[PDB]
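K.L.:
Got a structure for you, questions after.
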Amino acid sequence: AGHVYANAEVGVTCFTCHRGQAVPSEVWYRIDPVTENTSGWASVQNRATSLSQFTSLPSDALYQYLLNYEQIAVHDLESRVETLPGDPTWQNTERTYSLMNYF
Amino acid sequence: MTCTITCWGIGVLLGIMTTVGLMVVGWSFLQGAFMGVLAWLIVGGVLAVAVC
Amino acid sequence: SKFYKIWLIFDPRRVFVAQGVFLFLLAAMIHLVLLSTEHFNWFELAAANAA
Amino acid sequence: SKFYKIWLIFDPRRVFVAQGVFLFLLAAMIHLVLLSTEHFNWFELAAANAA
Amino acid sequence: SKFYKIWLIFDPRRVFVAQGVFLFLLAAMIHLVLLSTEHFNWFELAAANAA
Amino acid sequence: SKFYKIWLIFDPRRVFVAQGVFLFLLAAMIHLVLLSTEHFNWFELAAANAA
Amino acid sequence: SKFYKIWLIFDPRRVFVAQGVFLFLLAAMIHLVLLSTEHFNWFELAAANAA
Amino acid sequence: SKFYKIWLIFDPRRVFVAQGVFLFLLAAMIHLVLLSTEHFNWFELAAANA
Amino acid sequence: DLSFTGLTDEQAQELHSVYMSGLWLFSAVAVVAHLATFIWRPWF
Amino acid sequence: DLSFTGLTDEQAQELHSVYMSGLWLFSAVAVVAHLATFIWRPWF
Amino acid sequence: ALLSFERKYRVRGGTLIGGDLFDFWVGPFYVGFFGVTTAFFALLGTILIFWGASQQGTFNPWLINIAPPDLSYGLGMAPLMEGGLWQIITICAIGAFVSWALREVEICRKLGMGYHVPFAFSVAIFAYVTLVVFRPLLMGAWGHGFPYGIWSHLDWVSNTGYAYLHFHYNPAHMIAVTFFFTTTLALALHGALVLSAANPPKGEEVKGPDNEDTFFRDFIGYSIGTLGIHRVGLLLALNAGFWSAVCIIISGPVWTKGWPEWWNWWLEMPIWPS
Amino acid sequence: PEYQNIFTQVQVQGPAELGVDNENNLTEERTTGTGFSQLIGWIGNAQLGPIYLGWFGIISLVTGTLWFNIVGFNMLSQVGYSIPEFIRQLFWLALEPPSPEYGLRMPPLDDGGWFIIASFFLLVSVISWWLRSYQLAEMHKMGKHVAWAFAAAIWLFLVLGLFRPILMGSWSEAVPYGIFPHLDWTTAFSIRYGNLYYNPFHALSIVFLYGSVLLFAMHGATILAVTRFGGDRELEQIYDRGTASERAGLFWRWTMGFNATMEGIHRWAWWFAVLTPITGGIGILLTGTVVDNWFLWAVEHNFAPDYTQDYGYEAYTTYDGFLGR
Amino acid sequence: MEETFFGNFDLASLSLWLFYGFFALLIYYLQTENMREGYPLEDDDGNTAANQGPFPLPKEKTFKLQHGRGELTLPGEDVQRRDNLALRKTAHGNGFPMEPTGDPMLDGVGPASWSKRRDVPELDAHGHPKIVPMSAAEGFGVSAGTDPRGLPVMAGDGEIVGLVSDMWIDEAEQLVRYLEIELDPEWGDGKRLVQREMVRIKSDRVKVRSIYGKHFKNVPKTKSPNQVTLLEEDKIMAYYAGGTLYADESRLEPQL
Ligand code: BCL
Ligand code: BCL
Ligand code: BCL
Ligand SMILES: CC[C@H]1c2cc3[nH]c4c(c3C)C(=O)[C@H](C(=O)OC)c4c3nc(cc4[nH]c(cc(n2)[C@@H]1C)c(C(C)=O)c4C)[C@@H](C)[C@@H]3CCC(=O)OC/C=C(\C)CCC[C@H](C)CCC[C@H](C)CCCC(C)C
Ligand SMILES: CC[C@H]1c2cc3[nH]c4c(c3C)C(=O)[C@H](C(=O)OC)c4c3nc(cc4[nH]c(cc(n2)[C@@H]1C)c(C(C)=O)c4C)[C@@H](C)[C@@H]3CCC(=O)OC/C=C(\C)CCC[C@H](C)CCC[C@H](C)CCCC(C)C
Ligand code: HEC
Ligand code: HEC
Ligand code: HEC
Ligand SMILES: COC(C)(C)C(=O)/C=C/C(C)=C/C=C/C(C)=C/C=C/C(C)=C/C=C/C=C(C)/C=C/C=C(/C)CC/C=C(/C)CCC=C(C)C
Ligand SMILES: COC(C)(C)C(=O)/C=C/C(C)=C/C=C/C(C)=C/C=C/C(C)=C/C=C/C=C(C)/C=C/C=C(\C)CC/C=C(/C)CCC=C(C)C
Ligand SMILES: COC(C)(C)C(=O)/C=C/C(C)=C/C=C/C(C)=C/C=C/C(C)=C/C=C/C=C(C)/C=C/C=C(\C)CC/C=C(/C)CCC=C(C)C
Ligand SMILES: COC(C)(C)C(=O)/C=C/C(C)=C/C=C/C(C)=C/C=C/C(C)=C/C=C\C=C(C)\C=C\C=C(\C)CC/C=C(/C)CCC=C(C)C
Ligand SMILES: [Fe+3]
């Protein structure tokens, strides 16, 4: 109720998603290997696909963040930090930036 | 000159025709304009070179 | 008193054109300042008075 | 005093232009400073006293 | 003393213009600094005493 | 001493401009440093004394 | 010993200008470094001492 | 030794200014590095003894 | 006999008389204008 | 004997006396202005 | 003071308006009718900035911020301390920039030279005009102009750029940025030829226009010439100013969606197979 | 109106100019094949003269093509050798740098291995071109200002792709080889490390980038304004100052209080352009290695503006009011 | 490193202050390099001014001019200074314009003022004169645009002063520099040069707007019909540009 009743009493009904269709529109699948010859960060990042929002940003942003509980925050919380391995890089920022053109 | 510029004028005139012609049969303005710009450079350039 | 000597150092035709421009821009600026306000906008007051 | 000697070093038609800009700049700036204050804004005071 | 010899070093015309600009910018700066404070802002004090 | 020979090295009319700018910039910078500190800020002190 | 020969290599005018600028900037840097430290800041030390 | 011949190659004017700049920047850089370390910061160390 | 602008001593003495007459007249109107404003809304 | 501005020794001496007279008059008004301000709102 | 050759050029006339009333020099500067207006407007705008800084509470040049009014006020006038001071400075800024360009016309008219410099400055003014009045007029509020702060006006650029979700995909930004990086490249290369030819290795004769002309022929296979580089150099800079005006006047008045979505025309062309 | 010297009103074409020569024997490596284009001659020189090909030029061109092919042919393979899809997605495809998990080690070919090999050839090609510029200036007995200016550009080129990844200890910090992807990297780089607007060197580099376009518009228009006095012959005006250099100097002296010479303008021009990547190179080097968050650095150093107004749209309007209902 | 030297002064802060010191030295170097010509300042009367600026003059640098023309040390006495200028001061002080004492276009003052350059032709790399008529040039011809040879020349007031007889080109850069004008007997006597930047070429005529019909007879002439010296170039070009303000009183007086 903290989201669907945020400002007023709007709520969600069966018509909110379907809008008169058997299958709701704007449903997404996992197109993870958008690229053939590449693997890793390069296999999700260099194509204009349906989930990339007309950009060359990662297409797995919805899969990793809205289904797999991956960490979205990438900034450093103080003026100077020690860059220990495993910290978010510009690749993680770019995947977050892909998810957020979708928001 | 007086002929290269004239031939360039025919190219830009054709590009305007190409833009509206493709919009009539569907497409879109930007999609039509791109082929109109492309037709301007090719046909207009060829005319200025093929005949002077 | 004896200010007529101002024309001994300033060209009469050049000053007149300059102060003609200054007077109009000053006049237009003050008129526009009044129009910006709500109390002294005679255009909006007419609508307010006419119901 | 003998301040009249200032014209032995400054040309009258280059100083009068200097203070002409300076004097109007002061008149414009101080008027605009008062208009920004909430107490000396005579334009909005008329609206306030109109109730 | 012999402080008058500065005019053999500095041209009187350029010094007078230099301090004329400097003194006004001095006067403008200090007047603005007082207006930035709360205790010495005479525009806000006049409004305060009006109550 | 024999420090007077500095003017045989430095041109007098260019050093005086240099120190005139330097001395004022020094004075303003030191005056501004005091204002940053709350102990020596005489503007904020006067407000406190008035209470 | 025989260091006076450095002036046969360096132009005294060039060195003095550089040395004068270097000496002040060095003095300002060291004074500012002391201000950053909490133990040698004489401005903040007087405030604590006054209390 | 016989190192005096280096001045036949290097201009004393150009070397002296370069050496003077290099010597100060090196000394300032070392004085700064010590200030960054906790053991050799004499300003913070003086506070501790107080 | 310093004269950077070429004006004689009598020339500038008579010029300064007119300038000061304008200065006092300009200051006189400002004093009256300031006096009226102070009665309207005093700032002290 | 030395003058970069072309002024003679007497020309600068006469000029300085007038300049200093203006400096004292400008400072005198500033002292009165400051004295009135101290009575209005002292800053010490 | 003058220069070694300045005296023979300081002749009377050439003014656009005011004649010899203002036709004189103050130091090195030339004062005209538009030099009087420039002095008035620039000084008035400068003082008002520091008056607003005094009421803002800070005089720090990094932190000084005079901001436009809210979008609610529309195109009308706002209270001076609630965004009206910004509008007055904008009028002063426009008046000072136009007067500066018109003053340059008088100077170049007195010297009997072309009017290329004032015309080039007008493109810079046009870029400023299209940012502060032209674009706000189309978008319907004076609050769409950037604030007058050293670091505040970067925050306006950051938010305006991200208001379209990716501002690098703007087709006019793509063209305009290409002109800066090339103009700087042209400036670096042109300034290198004259310096290299006029300052050869010690003990060598200086080089003429032929030597620098054949250098780029040897280097990139084509040389534009001594006249061509300035002629094309002005065009690159003027196009840079013009296209930068285009990229911001179409962001919001012509395009409201994200800029990556613009390229959907190319992706979904009928020619491309599905 | 008066003829503005923007387009030549008449062109004269004679025998092709093969260029000057000295004892260095420049002519034996020249192509000696010239062509004249009248279209480009309306604004500049109309001769597409011979190009000097040596060994630094040949090595750079061959290695540069290898980088072009390796990046390009990987992109073609990425869309399954579909030419219509290769053209359609041309601006979106790239050769992504290695994944961060591999550090500075050599990654697999499909996961950035070809990126390192391609980057190796690009580095060779760029450095070889710099040597050609340095060698040509030496053979022409001219100053090395072209090489020094180009070395300034390479400094940012090296920092952006070679020096900084080594300092961070990861090849993943390099720039992807794509049209749109290196714009995505540019935006993501600023977001990851705070706000790159608040980098003092990024701010400083913008000062010199704006100044470069500023000064070349000022210099380009001034020379065109004095080209009626033979102002386009800048070199002869340095050796024998004519009326063109005097009026150009006096125009700016009367406008902004000071001017330059015909030679000194190109020292200003050289230094603003050279300082554009030199300052940016330092800013990128400090980003990630030292700071890791630029806005927080700005807040710490007290040059980040503070705002007092509210943030939500509910504090300025309503949803119904915006929709006009 | 993420450790600060003192307070909040890290490596990034240190590099910023190093650039500030470098930039201050760079500005000092750049400005002094621009003072190689035109200094000392002097005043309106010709005497050296009491003020010379915060930047001292730079050290002497030498240019090794080619074609055996000697050396040139820029900081020093200027050989381009003109003498016996036909001007008079309009004020007893400084900062006021000068008024010509005769014909400004003939005397060469203001917009019509030239500079005392060397009285020798500019040379190309080989050493031959740079600017020559196309009659002497071999293999040169008009490849684009309108050929102006033979077209009548129309002055600024519409008068026809003659027809273009020849046209001088820069064979080193293959660029047109001047057009020769065969003055009519009613307007002039011989041939005159006009630079390409003050002429607009039409289909049937070439138009020069800076010079009226009566001003063409006084255009400076060249000593020889095969080459033009640097001084002659500077005198010819200055005359035409001086007509943009001195052709008639309407140009000199304010337009508004
Ligand atoms: C806050 C309460 C009052 C207020 C309080 C005051 C007070 C108090 C004062 C003023 C003053 C003035 N106020 Mg006010 N003022 C208010 C609101 C206004 C309004 C308005 C629409 O609301 C206006 C128009 C003005 C306007 C003015 C001017 C009359 C005057 C300032 C002169 C100056 O700056 O330029 C002058 C500068 C010049 C150089 C301009 C000259 C330009 C012309 C064209 C030059 C021509 C010269 C030419 C050669 C001919 C020469 C001939 C001579 C005879 C030789 N005030 C509010 C309502 N105002 C000040 C004043 O000056 O009083 C005299 C004054 O003391
Ligand atoms: C905070 C309490 C008081 C306050 C406290 C003080 C105090 C204390 C002082 C001032 C002073 C001044 N105040 Mg205050 N002041 C306040 C509010 C104001 C207000 C206002 C609207 O509220 C105004 C207009 C002023 C204005 C002024 C000026 C009268 C003066 C500063 C002169 C200067 O800076 O530049 C100087 C300008 C120049 C040097 C250039 C002048 C330019 C002219 C045009 C040049 C012409 C030269 C030409 C050749 C003709 C020469 C002829 C000569 C006769 C030879 N104050 C508040 C109300 N103010 C200071 C002062 O100067 O006192 C004398 C002073 O000591
Ligand atoms: C969201 C985006 C971020 C941003 C992120 C960055 C990043 C990231 C960088 C910059 C940097 C730059 N930014 Mg920034 N920047 C932003 C906002 C701005 C704004 C603005 C109005 O908002 C502006 C004007 C700028 C301007 C600039 C320039 C000052 C600077 C680039 C230097 C340069 O010239 O590169 C020119 C240099 C190169 C192009 C390399 C040259 C390569 C070699 C020499 C050539 C090889 C050629 C190659 C082989 C191909 C040849 C093929 C031929 C066909 C044969 N930024 C925002 C905050 N900015 C750069 C910087 O920091 O500098 C300190 C940088 O790395
Ligand atoms: C073709 C486009 C390029 C260009 C060209 C250009 N600019 C020019 C010229 C030319 C050809 C000139 O001839 C003219 C000149 O004479 O320069 C020395 C000029 C000029 N462009 C300048 C600056 C400038 N140019 C810039 C860029 C560019 N101008 C483009 C790259 C920039 C940018 C984008 O950063 C700046 C800041 C000046 C050096 C000069 C104009 C001087 C001038 O207008 O003087 C009159 C005004 C004053 C002395 C002060 C006015 C103060 C205002 C009244 C108040 C403040 C208003 C302002 C909005 C403040 C905002 C502050 C915050 C944003 C921090
Ligand atoms: C920093 C200030 C400016 C600057 C300066 C600068 N750049 C410079 C210089 C300078 C001073 C040079 O001297 C140098 C130069 O040569 O200029 C002409 C250069 C240069 N910087 C360049 C561009 C450039 N400048 C840039 C930016 C800038 N550098 C700023 C605008 C940028 C950007 C925006 O990052 C770029 C991309 C180059 C044009 C040039 C030197 C690059 C070069 O030639 O590298 C060698 C590489 C090759 C010869 C080949 C490259 C790849 C080819 C595309 C392959 C061939 C393909 C072909 C179709 C064959 C296909 C075969 C198959 C079908 C089999
Ligand atoms: C089942 C549909 C549903 C989904 C899925 C959903 N929302 Fe909502 N959201 C709603 C409803 C219903 C409201 C209306 C609440 C109101 O404003 O009173 C709302 C309101 C909002 C608001 C408040 C807008 C306002 O005007 O304050 C935001 C922002 C928001 N959603 C964002 C998101 C984002 C981001 C996501 C994806 C993570 C998301 N929502 C997923 C149903 C949903
Ligand atoms: C927020 C959206 C959401 C809401 C609420 C919603 N559904 Fe669904 N529903 C889905 C999704 C997602 C699918 C799976 C996609 C599909 O099958 O096309 C689905 C699938 C279904 C299908 C099967 C579709 C198929 O292909 O046959 C049915 C039946 C169904 N929903 C019934 C309902 C009914 C009845 C309601 C009203 C209570 C409802 N749903 C409300 C999201 C929702
Ligand atoms: C409806 C508001 C909404 C919109 C639209 C939005 N953001 Fe966010 N953003 C969020 C939320 C919620 C989070 C928090 C996720 C987390 O912290 O787990 C977030 C987090 C982020 C992060 C991570 C910051 C940190 O905590 O490290 C970045 C990067 C980001 N947003 C950038 C953007 C960009 C760029 C856009 C413009 C395309 C954008 N956002 C649009 C809601 C939004
Ligand atoms: C930011 O801070 C805040 C607090 C906001 C602020 O405001 C700060 C305020 C500050 C700093 C005030 C600074 C103001 C100062 C210092 C006041 C200068 C003002 C002066 C000095 C007044 C001159 C008056 C001159 C006239 C008006 C002459 C009239 C001339 C007439 C016309 C005669 C000429 C006529 C002739 C005929 C000549 C004879 C000719 C021959 C004989 C030929
Ligand atoms: C970074 O943080 C840490 C690490 C903590 C740090 O702080 C590092 C500190 C570091 C590195 C200290 C570096 C300091 C150094 C190196 C000290 C140099 C200082 C020197 C050398 C002193 C010269 C003084 C010379 C004078 C004062 C002359 C005055 C001359 C007078 C005015 C006479 C005029 C001269 C004449 C000739 C007269 C003319 C005569 C004739 C013409 C006859
Ligand atoms: C940031 O910090 C905070 C704490 C905020 C701050 O405020 C810091 C304040 C700081 C640092 C104070 C800086 C102020 C200083 C140093 C004060 C200099 C002020 C001076 C020196 C006063 C000159 C007065 C000269 C006049 C006014 C002469 C009048 C001239 C008359 C008119 C004579 C001319 C007349 C003639 C007839 C011509 C001469 C004769 C002949 C030609 C014959
Ligand atoms: C039809 O023809 C065929 C051929 C088929 C084809 O496909 C056509 C080809 C096509 C279309 C490809 C189009 C190419 C495109 C779009 C590429 C754009 C390129 C862009 C935007 C460049 C980004 C910036 C790169 C930086 C900033 C590098 C910096 C890194 C440098 C290099 C430093 C060195 C790096 C190292 C790692 C060193 C490694 C060394 C050792 C390990 C020793
Ligand atoms: Fe140039």
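Nothing in this text is a laboratory measurement; each read-out follows from the coordinates by a stated rule. No Cβ is skipped: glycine too gets one built from the backbone with ideal geometry, and neighbour counts run over all protein chains shown.
K.L.:
Among the listed residues M:193, M:230, identify the single one that is within 25 Å of residue M:136 (Cα to Cα) and within 14 Å of chain K (Cβ to nearest Cβ).
P.N.:
Details: M:193 fails: within 14 Å of chain K (Cβ to nearest Cβ).
Criteria check complete, one pass: M:230.
K.L.:
Grab the helices (runs of 4 or more DSSP H) fully contained in segment L:231-325, keeping just those with 3 or more residues being among the β-branched types (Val, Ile, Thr) and more than 7 Å from every other protein chain (Cβ to nearest Cβ).
P.N.:
Details: elements: L:234-239, L:243-256, L:264-289, L:294-301, L:319-323.
In segment L:231-325, the matching helices (runs of 4 or more DSSP H) lie at L:264-289.
K.L.:
Among the residues of segment I:6-22, is there at least one that is of a type in the set (S, T, N, Q), away from ligand 8 (no atom under 16 Å from the Cβ) and within 14 Å of chain M (Cβ to nearest Cβ)?
P.N.:
Scanning segment I:6-22 turns up at least one residue that is of a type in the set (S, T, N, Q), away from ligand 8 (no atom under 16 Å from the Cβ) and within 14 Å of chain M (Cβ to nearest Cβ).
K.L.:
Here are some residues: K:120, K:176, K:124, K:188. Which one is without any contact (Cβ under 8 Å) to a residue 40 or more places away in the chain, small (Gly, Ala, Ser) and crowded, with 17+ Cβ neighbours inside 10 Å?
P.N.:
Details: K:120 fails: without any contact (Cβ under 8 Å) to a residue 40 or more places away in the chain; K:176 fails: without any contact (Cβ under 8 Å) to a residue 40 or more places away in the chain; K:124 fails: without any contact (Cβ under 8 Å) to a residue 40 or more places away in the chain.
The match here is K:188.
K.L.:
Is it true that residue L:217 is in contact with a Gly (Cβ under 9 Å, 6 or more places away or on another chain) and either more than 16 Å from ligand 11 (Cβ to nearest atom) or among the basic types (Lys, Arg) (or both)? Working first, answer last.
P.N.:
Details: in contact with a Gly (Cβ under 9 Å, 6 or more places away or on another chain): yes; either more than 16 Å from ligand 11 (Cβ to nearest atom) or among the basic types (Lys, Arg) (or both): yes.
Yes, satisfied.
K.L.:
Let me ask something additional. Among M:62, M:73, M:32, which is within 13 Å of chain G (Cβ to nearest Cβ), out of contact with any helix residue (DSSP H, G or I) (no Cβ under 8 Å at 6 or more places or on another chain) and closer than 22 Å to residue K:195 by Cα?
P.N.:
On the way: M:62 fails: within 13 Å of chain G (Cβ to nearest Cβ); M:73 fails: within 13 Å of chain G (Cβ to nearest Cβ).
Selected residue: M:32, the only one of M:62, M:73, M:32 that is within 13 Å of chain G (Cβ to nearest Cβ), out of contact with any helix residue (DSSP H, G or I) (no Cβ under 8 Å at 6 or more places or on another chain) and closer than 22 Å to residue K:195 by Cα.
K.L.:
Does residue A:74 qualify as being buried (at least 17 other Cβ atoms within 10 Å of the Cβ), hydrophobic (A, V, I, L, M, F, W, C), within 11 Å of chain L (Cβ to nearest Cβ) and under 30 Å from residue M:4 (Cα atoms)?
P.N.:
So residue A:74 passes the test.
K.L.:
Another question, then. Would it be correct to say that residue K:48 is within 11 Å of ligand 4 (Cβ to nearest atom), farther than 30 Å from residue M:41 by Cβ and more than 11 Å from chain L (Cβ to nearest Cβ)?
P.N.:
Details: within 11 Å of ligand 4 (Cβ to nearest atom): yes; farther than 30 Å from residue M:41 by Cβ: yes; more than 11 Å from chain L (Cβ to nearest Cβ): yes.
Yes, satisfied.
K.L.:
Scan A:80, A:47, A:30, A:19 and give me the residue that is more than 16 Å from ligand 9 (Cβ to nearest atom) and at positive phi.
P.N.:
Details: A:80 fails: at positive phi; A:47 fails: at positive phi; A:30 fails: at positive phi.
Just one listed residue meets the conditions, A:19.
K.L.:
Could you pull out every one of the strands (runs of 3 or more DSSP E) wholly within segment M:95-148 that has 1 or more residues that are farther than 30 Å from residue K:31 by Cα? Full working, then the answer.
P.N.:
Details: elements: M:98-100, M:131-133, M:141-145.
Passing ranges, in order: M:131-133, M:141-145.
K.L.:
Separate question: Please go through segment L:84-124 and pick out each residue that is within 28 Å of residue K:267 (Cα to Cα) and free of Cβ contacts under 8 Å to residues at least 24 places away in the same chain.
P.N.:
Once the filter is applied, which keeps residues that are within 28 Å of residue K:267 (Cα to Cα) and free of Cβ contacts under 8 Å to residues at least 24 places away in the same chain, segment L:84-124 yields L:84, L:85, L:86, L:87, L:88, L:89, L:110, L:111.
K.L.:
Can you find even one residue in segment L:262-273 that is surrounded by 24 or more Cβ atoms within 10 Å (Cβ to Cβ) and not hydrophobic (A, V, I, L, M, F, W, C)?
P.N.:
Yes; the residues of segment L:262-273 include at least one that is surrounded by 24 or more Cβ atoms within 10 Å (Cβ to Cβ) and not hydrophobic (A, V, I, L, M, F, W, C).
K.L.:
Right, next: Residues being within 29 Å of the chain's Cα centre (by Cα), more than 21 Å from residue M:124 (Cα to Cα) and surrounded by fewer than 24 Cβ atoms within 10 Å (Cβ to Cβ): count how many of those fall in segment L:222-258.
P.N.:
Matching residues across segment L:222-258 total 1.
K.L.:
Continuing with this model, one more query. Considering every residue within segment A:51-69, establish whether at least one is within 16 Å of ligand 3 (Cβ to nearest atom) and under 11 Å from the mean Cα position of the chain (by Cα).
P.N.:
First, pick out the residues of segment A:51-69 that are within 16 Å of ligand 3 (Cβ to nearest atom): A:55-57.
Within this subset, residues satisfying the condition of being under 11 Å from the mean Cα position of the chain (by Cα) are A:57.
Scanning segment A:51-69, I find at least one residue that is within 16 Å of ligand 3 (Cβ to nearest atom) and under 11 Å from the mean Cα position of the chain (by Cα), so the answer is yes.
K.L.:
Can you tell me which residue is nearest to ligand 7 (Cβ to nearest atom) among those in chain F that are part of a loop (DSSP other than H, G, I, E, B) and within 27 Å of residue G:32 (Cα to Cα)?
P.N.:
F:38
K.L.:
Can you tell me which residue in segment E:1-32 is nearest to the other protein chains (Cβ to nearest Cβ), limited to those that are surrounded by 12 or more Cβ atoms within 10 Å (Cβ to Cβ) and β-branched (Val, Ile, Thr)?
P.N.:
That would be E:9.
K.L.:
How about segment L:106-142: which of its residues are part of a loop (DSSP other than H, G, I, E, B), within 13 Å of chain A (Cβ to nearest Cβ) and on the phi < 0 side of the Ramachandran plot? Step through it out loud before you land on a result.
P.N.:
Our first condition is that a residue be part of a loop (DSSP other than H, G, I, E, B); within segment L:106-142, this holds for L:106-108, L:112, L:140-142.
Then keep just the ones that are within 13 Å of chain A (Cβ to nearest Cβ); that gives L:107-108, L:112.
The answer is L:107, L:108.
K.L.:
I need the full set of residues from segment K:45-65 which are aliphatic (A, V, I, L, M) and either surrounded by 20 or more Cβ atoms within 10 Å (Cβ to Cβ) or more than 14 Å from residue K:151 (Cα to Cα) (or both), in order please.
P.N.:
K:47, K:48, K:49, K:53, K:64, listed by residue number.
K.L.:
Given the residues M:236, M:211, which is the only one that is touching a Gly at 6+ places or on another chain (Cβ under 6 Å), surrounded by 17 or more Cβ atoms within 10 Å (Cβ to Cβ) and under 20 Å from residue M:107 (Cβ atoms)? Break it down stepwise before answering.
P.N.:
On the way: M:236 fails: touching a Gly at 6+ places or on another chain (Cβ under 6 Å).
Step by step, each of M:236, M:211 is checked, and only M:211 is touching a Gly at 6+ places or on another chain (Cβ under 6 Å), surrounded by 17 or more Cβ atoms within 10 Å (Cβ to Cβ) and under 20 Å from residue M:107 (Cβ atoms).
K.L.:
Here's a check for you: in segment K:11-44, which residue that is β-branched (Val, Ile, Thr) and facing chain M (nearest Cβ under 8 Å) is surrounded by the fewest Cβ atoms within 10 Å (Cβ to Cβ)?
P.N.:
Restricting attention to segment K:11-44, the residues satisfying the condition of being β-branched (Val, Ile, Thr) are K:11, K:15, K:17, K:26, K:31, K:36-38.
Narrowing the set further to residues that are facing chain M (nearest Cβ under 8 Å) leaves K:11, K:15, K:17, K:26.
Working: K:11: 27, K:15: 24, K:17: 18, K:26: 16.
The selected residue is K:26.
K.L.:
Ok, one more. Under the condition of being crowded, with 21+ Cβ neighbours inside 10 Å and within 14 Å of chain D (Cβ to nearest Cβ), which residue from segment K:67-83 is nearest to residue L:307 (Cα to Cα)? Step through it out loud before you land on a result.
P.N.:
Within segment K:67-83, the first condition is being crowded, with 21+ Cβ neighbours inside 10 Å, and the residues that meet it are K:67-69, K:80.
Then keep just the ones that are within 14 Å of chain D (Cβ to nearest Cβ); that gives K:69, K:80.
Details: K:69: 14, K:80: 18 Å.
Within segment K:67-83, the match that is nearest to residue L:307 (Cα to Cα) is K:69.
K.L.:
Which pairs turn up if I take residues in segment M:126-146 that are without any contact (Cβ under 8 Å) to a residue 12 or more places away in the chain and look for partners that are surrounded by fewer than 18 Cβ atoms within 10 Å (Cβ to Cβ) and not in a strand (DSSP E or B) with beta carbon separation below 7 Å, at least 6 apart in sequence or on another chain?
P.N.:
M:139/L:14; M:139/L:15; M:143/L:38; M:144/L:38
K.L.:
Considering (1) closer than 30 Å to residue C:44 by Cβ; (2) touching a residue at least 40 places away in the same chain (Cβ under 8 Å), say which one residue K:107 fails and leave the rest.
P.N.:
Just one mismatch for residue K:107, condition (1).
K.L.:
Does any residue in segment L:190-209 that is closer than 27 Å to residue K:188 by Cα come within less than 6 Å, Cβ to Cβ, of a residue that is within 16 Å of ligand 10 (Cβ to nearest atom) and of a type outside the set (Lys, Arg) six or more places away or on a different chain, and which pairs are these?
P.N.:
L:200/M:16
K.L.:
What number of residues within segment K:197-212 satisfy the criterion of being under 15 Å from residue L:145 (Cα atoms) and out of contact with any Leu (no Cβ under 7 Å at 6 or more places or on another chain)? Spell out the reasoning first.
P.N.:
Of the residues in segment K:197-212, the ones under 15 Å from residue L:145 (Cα atoms) are K:197-202, K:206-207, K:211-212.
Right, trim to out of contact with any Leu (no Cβ under 7 Å at 6 or more places or on another chain) and you get K:199-202, K:207, K:211.
Number of matching residues: 6.
K.L.:
Another question, if that's okay. Which of the residues belonging to segment D:33-51 are more than 7 Å from every other protein chain (Cβ to nearest Cβ) and surrounded by 14 or more Cβ atoms within 10 Å (Cβ to Cβ)?
P.N.:
First, the residues of segment D:33-51 that are more than 7 Å from every other protein chain (Cβ to nearest Cβ): D:34, D:41-42, D:44-45, D:48-49, D:51.
Scanning segment D:33-51 gives D:34, D:41, D:44, D:45.
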